[PDB]
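Worksheet: one structure, shown below.
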Amino acid sequence: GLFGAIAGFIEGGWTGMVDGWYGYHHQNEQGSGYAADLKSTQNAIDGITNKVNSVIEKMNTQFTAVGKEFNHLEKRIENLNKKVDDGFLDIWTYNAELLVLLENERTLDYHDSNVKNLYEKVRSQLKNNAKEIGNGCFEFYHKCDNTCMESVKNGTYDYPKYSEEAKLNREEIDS
Amino acid sequence: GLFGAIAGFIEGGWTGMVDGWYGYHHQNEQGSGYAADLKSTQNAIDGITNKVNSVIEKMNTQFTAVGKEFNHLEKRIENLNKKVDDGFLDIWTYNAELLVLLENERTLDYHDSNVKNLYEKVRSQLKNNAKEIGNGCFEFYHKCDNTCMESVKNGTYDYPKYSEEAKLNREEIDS
Amino acid sequence: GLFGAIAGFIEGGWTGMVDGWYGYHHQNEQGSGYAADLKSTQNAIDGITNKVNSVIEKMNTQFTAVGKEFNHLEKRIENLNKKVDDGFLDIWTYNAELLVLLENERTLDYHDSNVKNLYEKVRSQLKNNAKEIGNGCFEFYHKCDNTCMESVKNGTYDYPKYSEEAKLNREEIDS
Amino acid sequence: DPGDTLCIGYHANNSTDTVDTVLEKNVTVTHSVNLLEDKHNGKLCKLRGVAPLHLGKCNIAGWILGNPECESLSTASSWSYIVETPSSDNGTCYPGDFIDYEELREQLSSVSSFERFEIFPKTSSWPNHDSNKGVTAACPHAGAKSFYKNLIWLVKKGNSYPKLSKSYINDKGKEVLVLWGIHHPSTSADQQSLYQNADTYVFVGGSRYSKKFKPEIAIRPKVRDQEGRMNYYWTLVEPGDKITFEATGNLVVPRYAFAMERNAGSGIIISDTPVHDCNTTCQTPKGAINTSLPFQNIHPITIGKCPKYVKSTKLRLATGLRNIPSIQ
Amino acid sequence: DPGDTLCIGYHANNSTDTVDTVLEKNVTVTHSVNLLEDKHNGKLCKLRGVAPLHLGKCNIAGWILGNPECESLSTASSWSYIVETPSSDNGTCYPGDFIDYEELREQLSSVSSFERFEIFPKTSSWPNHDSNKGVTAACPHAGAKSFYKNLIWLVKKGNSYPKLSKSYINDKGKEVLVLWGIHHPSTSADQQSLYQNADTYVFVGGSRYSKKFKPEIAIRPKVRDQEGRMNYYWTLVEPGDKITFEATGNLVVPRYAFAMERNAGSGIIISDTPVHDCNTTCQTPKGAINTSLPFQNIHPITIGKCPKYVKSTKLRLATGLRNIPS
Amino acid sequence: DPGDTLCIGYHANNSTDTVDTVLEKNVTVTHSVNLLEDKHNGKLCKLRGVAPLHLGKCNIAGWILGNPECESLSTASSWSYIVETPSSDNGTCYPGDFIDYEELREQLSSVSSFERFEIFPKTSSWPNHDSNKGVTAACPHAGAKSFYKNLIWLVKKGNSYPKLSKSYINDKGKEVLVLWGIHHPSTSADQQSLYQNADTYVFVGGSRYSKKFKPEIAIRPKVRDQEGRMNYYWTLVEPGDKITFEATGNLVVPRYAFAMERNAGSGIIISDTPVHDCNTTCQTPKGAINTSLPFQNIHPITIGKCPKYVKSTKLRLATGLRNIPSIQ
Ligand SMILES: *[C@@H]1O[C@H](CO)[C@@H](O[C@@H]2O[C@H](CO)[C@@H](O[C@@H]3O[C@H](CO)[C@@H](O)[C@H](O)[C@@H]3O)[C@H](O)[C@H]2NC(C)=O)[C@H](O)[C@H]1NC(C)=O
Ligand SMILES: *[C@@H]1O[C@H](CO)[C@@H](O[C@@H]2O[C@H](CO)[C@@H](O)[C@H](O)[C@H]2NC(C)=O)[C@H](O)[C@H]1NC(C)=O
Ligand SMILES: *[C@@H]1O[C@H](CO)[C@@H](O)[C@H](O)[C@H]1NC(C)=O
Ligand SMILES: *[C@@H]1O[C@H](CO)[C@@H](O)[C@H](O)[C@H]1NC(C)=O
Ligand SMILES: *[C@@H]1O[C@H](CO)[C@@H](O)[C@H](O)[C@H]1NC(C)=O
Ligand SMILES: *[C@@H]1O[C@H](CO)[C@@H](O)[C@H](O)[C@H]1NC(C)=O
Ligand SMILES: *[C@@H]1O[C@H](CO)[C@@H](O)[C@H](O)[C@H]1NC(C)=O
Ligand SMILES: *[C@@H]1O[C@H](CO)[C@@H](O)[C@H](O)[C@H]1NC(C)=O
Ligand SMILES: *[C@@H]1O[C@H](CO)[C@@H](O)[C@H](O)[C@H]1NC(C)=O
């Protein structure tokens, strides 16, 4: 979309990830699997929940009876009554249709930004200890085990701990 | 404007490129020329065409004759007719003016994303085989002939083909 | 926010910086000090000021006597008057509340975009002459004095001038 | 090179829900909600927990005057709205004009208290006039000639119609609705056959009301086998106020009044939709609406706190991501 | 390194069109479209393909009554809206009050069927009453004293003004418009000079209509050399219904009635705009609007499916990119 | 590296201002503005610089007719809008029905010129009629039986009430407001006791106005010790136009007329809010509003160029950054 993450450099979604909106896919000697980042998914969930409630709860209407009765000699004010009702319908129809046409575009771009940020968070947490193979994936220059993987998902990746191992592996591969 | 591509790190636009909205300018020993990215250009054209139709084709108005005539003894309801007409005028004038302001800013930012993401496409495709010389341009560390230029555009750039050549070219000037 | 700069990779703001919205914090042998970017901040001032005036000054109202008086046998037109009054009230209240909700975050995303662009502006200048230590900060590989600091703030950093010095310190650090 | 991988991606499901944006249409999304309310229960429920006044065979004119067919309809002390049916032709059986009929219907659309009482008891109020022969063929009841229940057609007793002057004082403590009628016979021979005196006048007087009627005698086309006409009039009496009726003929004196307490201006629904025992907070002719959505397309003519009416057919607001389960 | 270069850029042209945004003003763009319709053809066109009714010199009151200057009643025709002019002054030549004039204008604004027929023929319905001397000096017809084309002023035939009772049943199968009038002279001598009896009454009654008219004799300031007044009335008769006229004097009996079928409530345009042969879906006093744009500023008083009226002078919407040559 | 630092950051301060977004609420921002005008000066001020007309204890009906408790105000020169009070009781002291009261108030709301002159002088216009005893106990003036200041109750001069016929032509060149009354006595004895004639009539006629009145005699309920009623009428006279009065009794002849020029339609404020020396362009019963904001929440009833009324209580529009001065 507007950020190029959803349907962008990450071409498709993960039907195998079911616990959240945005998340991770890892692979090591101990196996693989799909896991959703809890904080970012909940951030979108809370924001989108506020998005729906803002549109609905800002509508506050009072008791109103639209029905009006006029006789054969009150046609002029009868047509004025229709002009009021037709005018109100035209305004509300135009606003309601364009409101959804607008906030849906905002909603999709909101998810697009969230995916982009999550990639940037991991990218500016591993630095040169991993290689950007593309499609929103990282290949580790060192060996990232289950403890290492959970650190990345917890935002507590110890770069200097694995940097020396990545230093040797990178140099030998880049020979 | 919001992503910094248009009127940003690409300061000006090309008046020579008329076959689209976004595109490329190449130069090698064979020659130069402007070519528009028909893929990204068509996406913006379809979206903007829908954008104009969305605003226009949501105006669902009925038959209505605004003209009302009141006698000299009906001044009160005559004012009510003008209050309705003035109120409808104020509502539509305010909404129409602000709607134009909203979507004009959205349209410009939408174009900014397309230019930014097009640059991101090539930057993530060439990788280190080319040098980012700024102003939305790349300088190849190898002989990129006409066939090579077409590969980047119709994105099929064979990075491994020139990877070893660009590796030696990069180090030679590094002396 | 939406661009990940504010409350993102720059976790917090600077209380000390009081001469603008976005700026820098340098520190060298001579000393340190907060200093706001006088171009981006002024540009943001113009946009937000134009934003407030666009919402305020697009409203165009005329002289109008909202109140009406009706007798004991004019209840029907009296109720029509309230339907016009309440209907106009419901339309404006819904638009006003949602207009503030829509523009408030758009302003917040606008500030988020401006901060990130400023980081990209400096990053595109220093290139490999500086090391991105994160949290919105750069560490120079060479000696950057007060005159050198102003060149970056002026957008005229001379990369070729300090390239050789940064080249020596970069690879000496590697060993 | 050891090989371990970590990837970042977005969720996808089997949902085919589509939404529209300003730049794209029919965009498949993972999760979405509907902002448009298009569901109604098809029943006429009770606004504010108050059952409506269903008239059925009659309209408001017949119910308030007491047209024979408009017998026990609800009785009932209060209503949130009045419901007529599209075929309810049992109103004013004797032809005439109902004055300020639409205004009275709006005024009666919702009341808090409602009490019908014998303002002028038939057994004592009219000893000098004939209160029994005042029936007509235009107002049948089980075939026999009858008249409005709440009104009495006073005619000459013997061949004498003495000057009439009876008054009422509002001791109820609420506003009292008083309705009367003025008869306009076809021929002056019919005028003498009914009220003896050939030149009569009718006066109604309150602290706020003062108007005097003069019968207009002429032959009109036969409407319900009647060449005469009978206009109907109504007014409200403030508590503690006196209303005076003075006439020498052609006056349809009231027999029953209505001590009521009014509400804010409600509406009147003309629909065949059945009335069931359900509460609701919004009402439409097609049925009641029970929703918290901000928009609806069921019916523009709503009564109560209701979502704004829109021409929209589908307002699908996206909440999830762009569903991309496979890549071609 | 042969210095081969590939660059990414965007379009630019000679477009000088400027669009305002929430944050910036002007902002020259390459491609834009105007959402506001600000031009009109300056013509009054056929709305819904149906031509309007241009009374021209006359107004509605004169046209329906049949004032001598109001041409004729055309033929069995129809119209989509009524066109008057600011100079249209020929109306009720004899001073009086057209009762419910505003309401009748709205009802007559647009009809799909119309026909004028002589409900009461002049020389075969009023034998006992004079139907030739009922003219006045305030209603000239090419100089001579005359009266309305569709109305007859009945006076005593020498000295005989007996009771009148003439009825009509609506056999046309459509609604019939019946218009009459009541004459109120200045002095009772004028009352005797016209209707013999000084104490007359008029009764008009249909199935629904029931009202009895009494004349008022008093001296009023002269308007077009008339101290008396003549009010005009009208009503609609359902098909298969009888309307009764009963008067002993001071009645202006109808001559030509109108059988018609009414459209939905349309408007009346009062402007000097010429009428030409053209089709439109939106009509305004300034001219016609042939556009699909949702907004307009030509005129707030529109007729038909029309764009919303706004005070905006320009609502140009950005579609292309920011034009940044040089 | 010879460590040197350059960072990029954003402003923060001690602001506690909170704004709301569609995705977030209670967002503390550095700077913000309030788009909703929520305060007024609490005074009734002068729209377009022209001071309003305040009637105090009197209403428009009492002020336009000249009730004895009225006319103590500052007469009239010109005004932008009319002010009454929640207790403006003193109006038509004699019970009756003021014809087209509501329509007249709309016309009188704003005037450019307004001068009162004696259209029919008392001394030299009614020689055969007694313009001295036309007072009533229902309109006291400090305990003395008085009458409306601008109207004269003409009665018989002993035993003579001839056919009155007086006319006036609009020489002022402006619009002239003329008001007159018709008395409806209780008993027929009261008819001769005041006008010496049994069957009377009243006629008023201009170039456009023409209507005749027949008195309606009947006993109404006592209102301020009055069983009779007096309906008041009004009209406007075009410049250079004759207005003709012709009555044989039961006519309350005009005494004071008003030459005036009407502005565009204005409003009428009914509040206890005091009046001061301030201009304002927006006026509400609560007070005057001087703002350039597009929305307000003071009062739905406004006169003049005013912000649109909303039910909102807070429209805080964010203008600065998100305020994050301390990272926990
Ligand atoms: C100006 O307004 C006052 C009211 O604020 C008028 O005086 C009040 O008149 C009423 C009505 O006559 C009195 O109340 C009751 O009247 C009835 C008769 O309708 C009687 O039965 C009751 O005993 C009682 O009097 C009220 O007492 C009286 N006085 C006050 C101080 O309110 C006053 O007449 C008005 N003046 C003019 C010139 O219009
Ligand atoms: C109640 O309504 C019915 C019509 O729905 C009335 O009966 C009709 O009387 C008219 C008189 O013109 C006849 O044309 C119809 O054939 C009658 N329809 C019937 C009997 O079904 C009826 O009189 C009305 N009122 C009362 C009091 O009975
Ligand atoms: C995860 O990160 C938090 C701080 O965000 C830290 O307190 C915690 O120890 C980390 N590890 C685990 C296993 O929770
Ligand atoms: C162009 O791209 C398409 C789609 O990936 C590919 O099939 C084709 O071979 C490419 N051709 C060239 C000449 O790059
Ligand atoms: C600052 O930048 C401006 C604009 O590019 C340039 O003219 C000027 O020479 C620069 N000055 C310094 C001291 O960098
Ligand atoms: C998707 O599959 C689930 C079961 O996994 C089922 O409940 C749901 O109805 C399906 N929806 C669609 C749209 O296929
Ligand atoms: C409606 O609400 C009232 C509130 O008192 C309650 O007593 C009643 O049971 C409810 N009835 C229905 C049908 O919901
Ligand atoms: C742009 O140039 C073309 C070709 O000369 C011309 O037709 C067109 O009008 C120009 N547009 C402008 C000047 O806005
Ligand atoms: C209102 O403004 C006028 C000038 O338009 C001035 O003469 C007058 O004194 C002002 N009234 C105030 C400030 O109360």
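Labels used: A, B, ... for chains in the order of the structure tokens, numbers from 1 for residues in each chain, and numbers from 1 for ligands as shown.
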Write as number ranges by chain the residues around ligand 7, taking 8 Å as the cut-off and counting only C-alpha atoms and all ligand atoms. D: 48-49, 277-280
Hey, can you spit out that residue selection with N, CA and C atoms as a PDB file, in the first residue's frame?
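Output (result-v2.pdb):
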ATOM      1  N   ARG D  48     -40.143   3.847  24.373  1.00  0.00           N
ATOM      2  CA  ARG D  48     -40.002   4.160  25.794  1.00  0.00           C
ATOM      3  C   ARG D  48     -40.743   3.167  26.685  1.00  0.00           C
ATOM      4  N   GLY D  49     -40.983   1.955  26.188  1.00  0.00           N
ATOM      5  CA  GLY D  49     -41.758   0.984  26.933  1.00  0.00           C
ATOM      6  C   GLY D  49     -43.242   1.260  26.974  1.00  0.00           C
ATOM      7  N   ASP D 277     -45.642  -7.401  21.412  1.00  0.00           N
ATOM      8  CA  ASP D 277     -45.200  -6.987  22.743  1.00  0.00           C
ATOM      9  C   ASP D 277     -43.677  -7.048  22.786  1.00  0.00           C
ATOM     10  N   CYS D 278     -43.052  -5.950  22.367  1.00  0.00           N
ATOM     11  CA  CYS D 278     -41.605  -5.785  22.353  1.00  0.00           C
ATOM     12  C   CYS D 278     -41.313  -4.324  22.662  1.00  0.00           C
ATOM     13  N   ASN D 279     -40.127  -4.047  23.209  1.00  0.00           N
ATOM     14  CA  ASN D 279     -39.849  -2.686  23.686  1.00  0.00           C
ATOM     15  C   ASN D 279     -39.331  -1.755  22.590  1.00  0.00           C
ATOM     16  N   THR D 280     -38.106  -1.992  22.104  1.00  0.00           N
ATOM     17  CA  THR D 280     -37.393  -1.139  21.140  1.00  0.00           C
ATOM     18  C   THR D 280     -37.232   0.318  21.574  1.00  0.00           C
TER      19      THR D 280
END
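With only C-alpha atoms and all ligand atoms as the atoms that count, the set of residues no farther than 12 Å from ligand 8 is residues 15 of chain B; 12, 13, 14, 15, 16, 17, 18, 28, 29, 30, 31, 32 and 323 of chain E.
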When you look at residue 102 in chain A with a cut-off of 8 Å (counting only C-alpha atoms), what residues show up, excluding the ones that are within fewer than 4 positions of it in the same chain? I need them as an MDAnalysis selection string. (chainID A and resid 98 106) or (chainID D and resid 21:22)
Could you dump the residues just selected with N, CA and C atoms as a PDB file, in the first residue's frame?
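Result file follows (out.pdb):
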ATOM      1  N   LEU A  98     -18.588   8.312   1.851  1.00  0.00           N
ATOM      2  CA  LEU A  98     -17.205   8.761   1.729  1.00  0.00           C
ATOM      3  C   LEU A  98     -16.416   8.520   3.009  1.00  0.00           C
ATOM      4  N   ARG A 106      -7.359   4.448   5.216  1.00  0.00           N
ATOM      5  CA  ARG A 106      -6.515   4.677   6.383  1.00  0.00           C
ATOM      6  C   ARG A 106      -6.256   3.381   7.140  1.00  0.00           C
TER       7      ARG A 106
ATOM      8  N   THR D  21     -12.221   1.373  -0.893  1.00  0.00           N
ATOM      9  CA  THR D  21     -11.430   2.540  -0.536  1.00  0.00           C
ATOM     10  C   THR D  21     -11.582   3.598  -1.621  1.00  0.00           C
ATOM     11  N   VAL D  22     -11.028   4.782  -1.355  1.00  0.00           N
ATOM     12  CA  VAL D  22     -11.143   5.862  -2.328  1.00  0.00           C
ATOM     13  C   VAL D  22     -10.351   5.538  -3.590  1.00  0.00           C
TER      14      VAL D  22
END
All residues having an atom within 6 Å of ligand 4 (only C-alpha atoms and all ligand atoms) as a CSV table (one decimal) with N, CA, C and O atoms, in the first residue's frame:
chain,number,residue,atom,x,y,z
B,151,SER,N,16.4,-5.2,-17.8
B,151,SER,CA,16.3,-6.2,-16.7
B,151,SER,C,15.9,-5.5,-15.4
B,151,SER,O,15.0,-6.0,-14.7
B,154,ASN,N,11.9,-4.0,-16.1
B,154,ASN,CA,11.0,-5.3,-16.0
B,154,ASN,C,11.8,-6.2,-15.0
B,154,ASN,O,12.5,-7.0,-15.4
B,155,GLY,N,11.5,-6.0,-13.7
B,155,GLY,CA,12.5,-6.3,-12.7
B,155,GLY,C,12.9,-7.8,-12.8
B,155,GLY,O,12.2,-8.7,-12.3
B,156,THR,N,14.1,-7.9,-13.4
B,156,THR,CA,14.7,-9.2,-13.6
B,156,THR,C,16.2,-9.1,-13.4
B,156,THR,O,16.9,-9.9,-14.1
Find the residues near ligand 6. Use a cut-off of 6 Å, count only C-alpha atoms and all ligand atoms, and write them as a ChimeraX atom specification. /D:14-16
For the residues in the current selection, export N, CA, C and O atoms as a JSON list (two decimals), in the first residue's frame.
[["chain", "number", "residue", "atom", "x", "y", "z"],
["D", 14, "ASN", "N", -9.43, -17.19, 5.37],
["D", 14, "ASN", "CA", -10.27, -17.59, 4.25],
["D", 14, "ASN", "C", -11.42, -16.62, 3.99],
["D", 14, "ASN", "O", -12.27, -16.91, 3.15],
["D", 15, "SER", "N", -11.45, -15.49, 4.69],
["D", 15, "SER", "CA", -12.55, -14.55, 4.53],
["D", 15, "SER", "C", -12.57, -13.95, 3.13],
["D", 15, "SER", "O", -11.53, -13.59, 2.58],
["D", 16, "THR", "N", -13.77, -13.85, 2.56],
["D", 16, "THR", "CA", -13.97, -13.22, 1.27],
["D", 16, "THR", "C", -14.62, -11.84, 1.39],
["D", 16, "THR", "O", -15.06, -11.29, 0.38]]
Would you kindly return, as a ChimeraX atom specification, each protein, DNA or RNA residue with an atom no farther than 12 Å from any atom of residue 127 in chain E, considering only C-alpha atoms and excluding same-chain residues fewer than 4 positions away? /E:121-123,131-132,154-157,160-162,164,166
Mind dumping the selected residues with C-alpha atoms as a PDB file, in the first residue's frame?
ATOM      1  CA  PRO E 121     -71.548  27.613 -22.495  1.00  0.00           C
ATOM      2  CA  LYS E 122     -72.390  31.301 -22.669  1.00  0.00           C
ATOM      3  CA  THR E 123     -75.509  31.231 -24.864  1.00  0.00           C
ATOM      4  CA  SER E 131     -74.350  37.636 -20.229  1.00  0.00           C
ATOM      5  CA  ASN E 132     -73.210  40.430 -22.565  1.00  0.00           C
ATOM      6  CA  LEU E 154     -73.761  37.948 -14.928  1.00  0.00           C
ATOM      7  CA  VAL E 155     -76.052  40.938 -14.372  1.00  0.00           C
ATOM      8  CA  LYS E 156     -79.800  41.481 -14.355  1.00  0.00           C
ATOM      9  CA  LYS E 157     -81.526  41.164 -17.736  1.00  0.00           C
ATOM     10  CA  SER E 160     -84.949  40.343 -13.688  1.00  0.00           C
ATOM     11  CA  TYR E 161     -82.349  38.512 -11.576  1.00  0.00           C
ATOM     12  CA  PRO E 162     -84.059  35.348 -10.289  1.00  0.00           C
ATOM     13  CA  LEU E 164     -79.706  30.703 -10.145  1.00  0.00           C
ATOM     14  CA  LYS E 166     -76.593  25.405 -12.311  1.00  0.00           C
TER      15      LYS E 166
END
Test item: residues lying within 12 Å of ligand 3 with only C-alpha atoms and all ligand atoms, as a ChimeraX atom specification: /A:39,146-158 /F:328
Would you save the residues of that selection, restricted to C-alpha atoms, as a PDB file, in the first residue's frame?
ATOM      1  CA  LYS A  39       2.482  -6.062  21.517  1.00  0.00           C
ATOM      2  CA  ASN A 146      15.236 -20.990  20.632  1.00  0.00           C
ATOM      3  CA  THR A 147      16.605 -18.773  23.409  1.00  0.00           C
ATOM      4  CA  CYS A 148      18.073 -16.423  20.796  1.00  0.00           C
ATOM      5  CA  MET A 149      14.830 -16.378  18.791  1.00  0.00           C
ATOM      6  CA  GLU A 150      12.744 -15.511  21.857  1.00  0.00           C
ATOM      7  CA  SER A 151      15.121 -12.634  22.620  1.00  0.00           C
ATOM      8  CA  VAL A 152      14.423 -11.139  19.186  1.00  0.00           C
ATOM      9  CA  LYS A 153      10.667 -11.541  19.675  1.00  0.00           C
ATOM     10  CA  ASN A 154      11.027 -10.025  23.169  1.00  0.00           C
ATOM     11  CA  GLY A 155      13.113  -7.129  21.838  1.00  0.00           C
ATOM     12  CA  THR A 156      16.108  -8.126  23.996  1.00  0.00           C
ATOM     13  CA  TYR A 157      18.538  -9.472  21.400  1.00  0.00           C
ATOM     14  CA  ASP A 158      22.135  -9.403  22.668  1.00  0.00           C
TER      15      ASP A 158
ATOM     16  CA  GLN F 328       9.966   5.309  31.871  1.00  0.00           C
TER      17      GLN F 328
END
Mind listing the helix (DSSP H, G or I) residues of range 16-173 of chain B, per DSSP on the backbone, as a PyMOL selection string? chain B and resi 38-56+75-129+146-153+159-173
Using only C-alpha atoms, determine which residues lie at most 12 Å from residue 88 in chain A, disregarding the query and same-chain residues fewer than 4 positions distant; provide the list as a PyMOL selection string. (chain A and resi 66+81-84+92-96) or (chain B and resi 60-62+84-85+87-88+91-92) or (chain C and resi 83-92) or (chain D and resi 300-301+308-311)
Pull the strand (DSSP E) assignments for range 67-178 of chain F out of DSSP run on the backbone, and list those residues as a PyMOL selection string. chain F and resi 82-84+111-118+129-130+136-141+144-146+151-153+155-156+164-169+175-178
Of the candidates F:131, F:319, F:160, F:312, which shows the shortest atom-to-atom distance to chain A, using only C-alpha atoms?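 Checking each of F:131, F:319, F:160, F:312 against chain A, counting only C-alpha atoms, the winner is F:312.
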Check which residues of chain A sit at most 10 Å from chain C using only C-alpha atoms, and return one row each with the closest pair of atoms and their distance in Å to one decimal, ordered by chain and rising number, as CSV.
residue,atom,partner,partner_atom,distance
A:3,CA,C:3,CA,9.3
A:51,CA,C:101,CA,9.6
A:54,CA,C:98,CA,7.7
A:55,CA,C:98,CA,7.3
A:56,CA,C:94,CA,9.7
A:57,CA,C:94,CA,9.5
A:58,CA,C:94,CA,5.9
A:59,CA,C:94,CA,5.7
A:60,CA,C:90,CA,6.9
A:61,CA,C:90,CA,6.2
A:62,CA,C:86,CA,7.7
A:63,CA,C:86,CA,9.4
A:64,CA,C:83,CA,7.0
A:65,CA,C:83,CA,8.1
A:66,CA,C:83,CA,7.5
A:67,CA,C:80,CA,9.5
A:68,CA,C:76,CA,7.1
A:69,CA,C:76,CA,7.9
A:70,CA,C:76,CA,8.7
A:77,CA,C:77,CA,8.3
A:78,CA,C:77,CA,9.9
A:80,CA,C:80,CA,9.5
A:81,CA,C:80,CA,7.3
A:84,CA,C:84,CA,7.0
A:85,CA,C:84,CA,9.1
A:88,CA,C:87,CA,7.4
A:91,CA,C:91,CA,8.4
A:92,CA,C:91,CA,7.9
A:95,CA,C:95,CA,8.9
A:99,CA,C:98,CA,9.8
A:103,CA,C:102,CA,9.1
A:109,CA,C:2,CA,9.0
A:110,CA,C:2,CA,7.1
A:111,CA,C:2,CA,9.6
A:112,CA,C:2,CA,9.4
A:113,CA,C:2,CA,6.0
A:114,CA,C:2,CA,7.6
A:116,CA,C:3,CA,9.0
A:117,CA,C:4,CA,6.3
A:118,CA,C:4,CA,9.6
A:120,CA,C:4,CA,9.0
A:121,CA,C:9,CA,7.8
A:124,CA,C:134,CA,7.7
A:125,CA,C:134,CA,9.2
A:127,CA,C:132,CA,10.0
A:167,CA,C:174,CA,9.7
Neighbours of ligand 1 at 12 Å or closer, counting only C-alpha atoms and all ligand atoms: which residues, as an MDAnalysis selection string? (chainID D and resid 207 240:242) or (chainID F and resid 56:59 61:63 65:71 86:95 135:149 221:227)
Just need the residues of chain E within 9 Å of chain D, counting only C-alpha atoms, so spit them out as a ChimeraX atom specification. /E:203-212,241-244,246
Would you mind telling me which residue in D:73, D:282, D:298, D:189 lies nearest to chain A when using only C-alpha atoms?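 Looking at the shortest contact to chain A, the residue is D:282.
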Calculated over only C-alpha atoms, which of the candidates D:203, D:64, D:76, D:153 has the smallest distance to residue 179 in chain D?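 So, comparing all the options, the nearest one is D:64.
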